[PDB]
């Protein structure tokens, strides 16, 4: 059983929902859904905590307490690994090396920035010759509403909660209904670490007519930060508009990888394998479109096919497992529906295209095969809409400007990876991709000080580094006439 955490107490709710293990379809736990009344209690508790001990902590004391939260996750490391794996079916090795360490690192990085961050001093002259001073300060924005996704549950959850707390805000967070275990554990770490009641609040539930909608509509929040589907971003923006709430969105992507004729071909095959199928292609940053220079296109597709078919699709702790299932049955229905749509649009299915057959309990889970399509036009729905499964379409190109234009011809703009060994090409091309993040000869390498976010439908605002310290703060200007 997974309880809510409100004003320093773990509390049940009236109704509950099932958390299902996508590996086998079995029940992991029951999760009490916070109702509107409990959400209001969380918000009000969070407002009030801003006037309690939390509000009086020095930036050094606040940061030391956040490092302690992080020590707590570390001390329960394997429990956190086990929770993420149960909920989502992610390979244990990924949970051990990507997800939980990044969740620890999020807290440490922003606790550090809390200590080092400063503001600005501007001098000016005036008519009377005595001058003025303008200095700025950072204050907590207020209560931050976090609605976070199921694909990187603890990582993306802490990505928001860490800078929010580092900036002195209080929090009411709603983790995905598909993945609530690690967040529920984080609350326990919060509690045991002595985080004052009301600072961090955890409400479980869904979106519409549930905890997520209640949060989004509550007038006592000062901001809503959200990662997830683009149409949901749009819904959230409409919902907080009457309140003119500060908003921060990381949304969909139809991300491209580009492979030039001078790429290290083996490294690019391996890189596109990772960018297409990591977390079974359920990363916002995954490459679902791939452009490859004509002269190496056949060799690239053949190489990637071989490598994709070597992927081990199986149990999270199975020997050399690469790929787990999708998050849920309902998500798999959506993915398989694009699988059929691609055949109908005229794709050649280079590999995959269906669901593997296990002849064991995994057949009741939510697996699909890693899939490569070829032969679709740039207009096809499967080349333009985010699928959020382990798939990519590969298309040839001849000319640099042509491929830049094809990558950019999109209502999204989150990320792009480019493969080339040429110094000029790397820099010339990357600056021309209309996205928030480019990688050259790698993918999803993250320095947490960098600005991160997207253009067009992929989001608005930036987080990371000082961008987060600014978003989760009131920036106030104080002008002294001397």
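Residue numbers count along the first chain shown, from 1.
Mean CA B-factor, 206-214 versus 298-306: the higher value falls on 206-214.
In this crystal structure, the stretch out of 313-321 and 156-164 whose C-alpha atoms carry the higher mean B factor is 313-321.
By the numbers in the PDB entry, the CA B factor is greatest at 241 among 121, 104, 267, 241. The residue among 416, 49, 426, 448 whose C-alpha atom has the highest B-factor in the PDB entry is 49. The PDB entry assigns residue 62 a C-alpha temperature factor belonging to the middle third of its chain's modelled residues. In the PDB entry, residue 455 places in the middle third of its chain by CA B-factor. Among the modelled residues of its chain, residue 169 has a C-alpha B-factor that falls in the lowest third according to the deposited record.
The PDB entry assigns residue 289 a C-alpha temperature factor belonging to the lowest third of its chain's modelled residues. The PDB entry assigns residue 379 a C-alpha temperature factor belonging to the highest third of its chain's modelled residues.
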